[PDB]
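Asks: Coordinates only, no sequence provided:
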Ligand SMILES: [Zn+2]
Ligand SMILES: [Zn+2]
């Protein structure tokens with residue numbers, strides 16, 4: 001059964017252009033408007049001084 005909504009309306013992964021992001025959203029806390037899907041957050045490097053907040 002579908003028990004949680006996991007689509008993030010209006011949110012594109014900047015790493016892979018997933019749209020909309022399905023699953024956990026990782027928003028950069030330093031960039032104004034930068035987001036990763038989970039695969040990209042675990043897979044792609046960003047700015048080493050930047051940190052992501054998880055939005056599930
Ligand atoms: Zn992605
Ligand atoms: Zn950033």
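Replies: Structure received. Numbers count the residues shown, from 1 in each chain. Ligands and ions are numbered 1, 2, ... in the order given.
Asks: Contact partners for residue 53?
Replies: By Cβ atoms under 8 Å, 6 or more residues apart in numbering, the contact list for residue 53 reads 26-27, 29. Just so you know, the C-beta spots here come from the backbone N, C-alpha and C atoms, and that holds for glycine as well.
Asks: who wins for most neighbours among those?
Replies: Highest neighbour count within the contacts of residue 53: residue 26, with 24 neighbours (other Cβ atoms under 10 Å).
Asks: ok, what's across the strand from that one?
Replies: residue 36, residue 54 (DSSP bridges).
Asks: interface residues of the chain facing ligand 1?
Replies: Residues of the chain lying near ligand 1 by Cβ under 5 Å from the ion: 13, 15-16, 18, 37, 40.
Asks: same thing but at 6 Å, please
Replies: 13, 15-16, 18, 36-37, 39-40 (Cβ under 6 Å from the ion).
Asks: filter the residues you listed down to the ones close to ligand 2.
Replies: Okay, of the residues of the chain next to ligand 1, nothing touches ligand 2 (Cβ under 6 Å from the ion).
Asks: Same list (those residues) but as a markdown table, adding secondary structure, neighbour count and distance to residue 1.
Replies: Shown next, in a markdown table, are the residues of the chain next to ligand 1 (DSSP: H, G, I helix; E, B strand; the rest coil; neighbours: other Cβ atoms under 10 Å; distance: Cβ to Cβ, whole Å):
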| residue | secondary structure | neighbour count | distance to residue 1 |
| --- | --- | --- | --- |
| 13 | coil | 23 | 26 |
| 15 | coil | 18 | 30 |
| 16 | coil | 14 | 28 |
| 18 | coil | 19 | 24 |
| 36 | strand | 23 | 27 |
| 37 | coil | 26 | 23 |
| 39 | helix | 14 | 24 |
| 40 | helix | 18 | 28 |
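Asks: ok, which stretches of the chain are strands?
Replies: Ranges of strands within the chain are 7-8, 21-22, 25-28, 35-36, 52-55, based on DSSP state E.
Asks: center of the chain, which residue is that?
Replies: The centre of the chain sits closest to residue 36, judged by Cα atoms, centre = their mean, with a distance of 2.9 Å.
Asks: ok, and the closest non-adjacent residue to residue 39?
Replies: Once flanking residues are discounted, residue 39 sits nearest to residue 16: 7.2 Å by Cβ to Cβ, 6 or more residues apart in numbering.
Asks: Before I go, just wanted to say thanks for your time.
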